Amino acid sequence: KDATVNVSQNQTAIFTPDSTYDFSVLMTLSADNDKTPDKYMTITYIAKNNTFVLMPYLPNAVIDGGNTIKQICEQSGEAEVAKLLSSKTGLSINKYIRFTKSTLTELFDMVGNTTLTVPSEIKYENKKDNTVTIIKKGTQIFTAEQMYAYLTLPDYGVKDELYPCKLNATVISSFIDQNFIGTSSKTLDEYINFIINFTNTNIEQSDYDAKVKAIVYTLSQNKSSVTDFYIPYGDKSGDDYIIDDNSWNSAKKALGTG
């Protein structure tokens, strides 16, 4: 015998995005179109908080008691990875973008440079191709190719198994804050035109058109930052990284899903 009491929308009112504008996208990176992605990161837009939450995962991360994220992505694609991540986080992840070295570098080159503080000098000796990668210490302006090489180093000279995730979360947060805050729908239309036409994605034009109003709203706010990140933690088990069950609860709090 519950009461039927409905209040219609103000209609003429100034636009303020509600929870219907919230979305998640699984983003992955491969060396090229033949190889399995090595990097995995979700991006969750929380319209109420005008923020984008990033969650990176190690390729050898075990999130179901079975195979690694990478193994699952090889066998069943990003859709399966996004499904397993949806069940564990309370998120509704259906869309994904699989970048390659080429398409991710082109995205960065198109959007703009990022200024990052390198905590200590890196001189990485790559034993696959016999090359040395030199990243100097300090606050510096990173171009597309410099940005890509920094983000994808196989070793940062740190014991921390989560450090490549922490670096990727931070560097991508900086990239979004420095180049997307204050952007127009016209500019964002160039970015999405590139995503839809040259990346491996299931994002359609209708998906972007239903969300761009909230995206432009959030980025047009007087904020120094529109990003946040949570790092899913766990433990080493052979060559696997078993995600701790207590991390999913901290992840739920960071997204406001549980």
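A residue's number is simply how far along the shown sequence it sits, counting from 1.
When the C-alpha temperature factors are averaged for each of 69-77 and 129-137, which stretch ends up with the higher value in the entry? Per the deposited B-factors, the answer is 129-137.
Where do the C-alpha atoms have the higher mean temperature factor in this entry, in 168-176 or in 120-128?
Of 120-128 and 168-176, the stretch with the higher C-alpha B-factor average is 120-128.
Practice problem: Using the B-factor values recorded in the entry, state whether the Cα atom of residue 226 falls in the lowest, middle or highest third among the modelled residues of its chain. | Solution: Answer is middle: the recorded C-alpha B-factor places it there.
- [ ] Among all modelled residues of this chain, ranked by Cα B factor, put residue 159 in the bottom, middle or top third, i.e. lowest, middle or highest.
- [x] Top third by C-alpha B-factor.
Per the entry's values, where does residue 212 land by CA temperature factor relative to the rest of its chain, in the lowest, middle or highest third? Middle third of the chain for residue 212's C-alpha B-factor.
### Query
Ranked by Cα temperature factor within the chain, is residue 29 in the lowest third, the middle third or the highest third?
Lowest third of the chain for residue 29's C-alpha B-factor.
- Split the chain's modelled residues into thirds by Cα B-factor; is residue 35 in the lowest, middle or highest one? Its C-alpha B-factor belongs to the middle third of this chain's values.
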